Amino acid sequence: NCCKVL
Amino acid sequence: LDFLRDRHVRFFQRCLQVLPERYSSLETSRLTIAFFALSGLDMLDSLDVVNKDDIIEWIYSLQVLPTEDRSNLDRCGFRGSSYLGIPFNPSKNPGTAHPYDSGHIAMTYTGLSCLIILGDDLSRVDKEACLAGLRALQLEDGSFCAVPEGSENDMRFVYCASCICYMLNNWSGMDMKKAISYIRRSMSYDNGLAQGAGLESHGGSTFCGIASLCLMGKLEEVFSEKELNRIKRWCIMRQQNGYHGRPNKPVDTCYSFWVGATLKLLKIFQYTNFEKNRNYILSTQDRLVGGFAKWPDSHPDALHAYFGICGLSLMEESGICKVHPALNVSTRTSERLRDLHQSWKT
Amino acid sequence: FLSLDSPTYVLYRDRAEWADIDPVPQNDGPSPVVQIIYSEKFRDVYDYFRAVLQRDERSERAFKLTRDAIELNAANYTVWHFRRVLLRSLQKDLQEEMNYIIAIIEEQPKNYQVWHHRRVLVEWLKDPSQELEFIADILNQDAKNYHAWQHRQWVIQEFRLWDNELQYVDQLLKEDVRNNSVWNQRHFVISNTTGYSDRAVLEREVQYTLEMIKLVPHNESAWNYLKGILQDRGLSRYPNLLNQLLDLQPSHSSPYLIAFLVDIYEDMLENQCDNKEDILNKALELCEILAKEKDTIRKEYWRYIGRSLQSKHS
Ligand SMILES: CC(C)=CCC/C(C)=C/CC/C(C)=C/CCN(C)CCOP(=O)(O)OP(=O)(O)O
Ligand SMILES: [Zn+2]
């Protein structure tokens, strides 16, 4: 549960 | 509840140390993980728990310097890590040619950002090479790519370019007119800003767009008062308790910064509900290992730990430095940068 | 070929076909920061990857090595770039690569590098024939996947495949009328085809939205679309809308409706309407209704809006 911003 | 400050300092300390193979997918983004940890410690006023000198050398070892013949100017900037196998060189000797070695816009950004946070004066940064590399990343439509070899292009990188130009205090790194055009064209019918024209407006791209304009000092000049009111409306509608990045999407801790910072830049964050926001952010705090997660009872990571803290900062949390909403560094650091800039001007 | 989890897997350092190549190690210097620890297998694949990269070797063995490197870390953009270089150099069957990337994206639908890779392939092939269906599948495990919608708009725009999108939208909106991504897609299609200037279309759309609003009155997306397609032509220029909304207020009320009303009133004050002082009061009355009971969380915002209207029309 994360936010891959790249 | 309360803010477990010390717990978070340990968390960031560990991030700078060693990670389980489980985080292999962050290899090419290690520099931004470093940024999350360093700027995070900075925000908690604990940079003393790390050896600034060692880290500064590591960072400089990630700079893609121009070679003797300077035939690789279009590829200069910073790497996310040493994964290419190039021999350790803290920007001491000239660049060693390599068919596939070049910078990554998000790394040039977080890299410079880290150097400033650590107190370095950027003297070892080949400013012109970086700017040359930056220019090479801009497309006809005004947006940017992350690497000269090619990649997707969107608002995320427009923000990176803006931060780079701002920190190097030189906007020759981009064609500002075209960038502004891209930012305007990204505004949706619902008035938020999307990653690109026609796409769904999003909290992340709205922050990137607005912050970029503020960094260029052209917010008021690009959007009309009527437009800014519409954007403000879209942004403030993002608060449910914490903030979500898009209408009808669940809240996520990091948006307390993405959106919150945008609201701050638009001078209306003051009209949001602080308690519910703070309460939500804290509910995602890992009381055992430290740091924050996107949702409560979820595992923490460097990104949410950092943005959750910056989110708290926006509401002047007891024990956290005020964060510069457009630059994404502590105000204290944004200041040292101001001095640094004055220095050069002589 | 030789899978990374095969019982008979062999480190590259022990493979005969790779005896001539000296592996290249990664070195973070004296004091490594944010250092990730790697297993023997992992470090082995990448030590050879670095070697092949450094020499820009356009070989078939290098091409196979990238498959392993990607399995170990699909977020390594350099690996994908090199793989594309090899795809060309070795003139590999791109239709085969399409199957490969299709599987990869299904496993990692939120990876930026894999979506970029697929887009490059589709450009190369100039073949969008399987895109809309592929995306529809991905949208099945997450109807709001930003990567999926972005790719979908690129395909539709690049190969002019508008013909069935408005229908696809109607279908998804039925599955979940709250999906903000679908409402955006709807505006995307229409504004890129007929446009909203055709009063026949505008009417159809406003009617369509009011219908969706009646089904689920508390839906920011629907309200944003409605206001979106009308705000620029002038909300006050639609007298029957103001009343049709005031009629909904009784049963289908929501902060979105009240907000819309405030916006209509402000457009009026903006266009020096009749009863300047009376309209402003109707607005302020609503602003306060929002602050005190309908959208309390934004209490201070609405009061700020109200104070703004007063000092602007008095
Ligand atoms: C390292 C650094 C500080 C970079 C700043 C510049 C960037 C890259 C900003 C990114 C902002 C952002 C939050 C973009 C959206 C990221 N996604 C997760 C996009 C698509 O995946 P979804 O799962 O649909 O995302 P969402 O989380 O919006 O629901
Ligand atoms: Zn997040």
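Quick notes on the rules
- Residues numbered from 1 in each chain as written, not as in the entry; some residues may be left out.
- Chains lettered and ligands numbered in written order.
- Heavy atoms only, no water.
- Residues with missing side-chain atoms left out of burial classes, pairs and counts.
- UniProt positions renumbered as here; feature names shortened; annotations may be inferred.
- Helix = DSSP H or I, 4+ residues; strand = E, 2+ residues; numbered from the N terminus.
- Rg over C-alpha atoms; globule rule 2.2 N^0.38 Å.
- Core = buried A, V, L, I, M, F, W, Y, C linked by side-chain atoms within 4.5 Å.
- Buried < 20%, exposed > 50% of the residue type's maximum accessible area, 1.4 Å probe, protein only.
- Contact = heavy atoms within 4.5 Å.

Method of determination for the deposited model, per the PDB record: X-ray crystallography, at 2.70 Å resolution.

For chain C, the name recorded in the PDB entry is geranylgeranyltransferase type I alpha subunit, with Rattus norvegicus as its organism. Here chain C is described in UniProt, under the heading Cofactor, as follows: "Mg(2+)". Here chain C is described in UniProt, under the heading Sequence similarities, as follows: "Belongs to the protein prenyltransferase subunit alpha family."

Where the PDB entry is consulted, chain B appears under the name Geranylgeranyl transferase type I beta subunit, with the organism given as Rattus norvegicus. Heading Sequence similarities of the UniProt record for chain B holds this comment: "Belongs to the protein prenyltransferase subunit beta family."

1. Quick look at the overall build of chain C
Of the regular secondary structure elements, chain C holds 15 helices and one strand. Against the 2.2 N^0.38 benchmark of 20 Å for 314 residues, chain C shows a C-alpha radius of gyration of 28 Å, more extended than a compact globule. Taken along its principal axes, the extent of the C-alpha atoms in chain C is 90 × 50 × 30 Å.

2. A look at the UniProt feature "repeat: PFTB" in chain B
UniProt marks residues 127-169, 176-217, 228-267 and 274-316 of chain B with the feature "repeat: PFTB", using the numbering shown here. Secondary structure across residues 228-267 of chain B comprises 50% helix and 0% strand; the distance between its end C-alpha atoms is 11 Å.

3. Some remarks on the nonpolar core
By size, the foremost hydrophobic cluster in this structure holds 225 residues, and its most contacted members are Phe78(B) and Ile105(B). The element best represented in this core is helix α13 (residues 255-270) of chain C, accounting for eleven residues. Apart from the residues within four sequence positions on either side, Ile105(B) is in contact with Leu134(B), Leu137(B), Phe144(B), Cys145(B), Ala146(B), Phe157(B), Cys160(B), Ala161(B) and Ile164(B).

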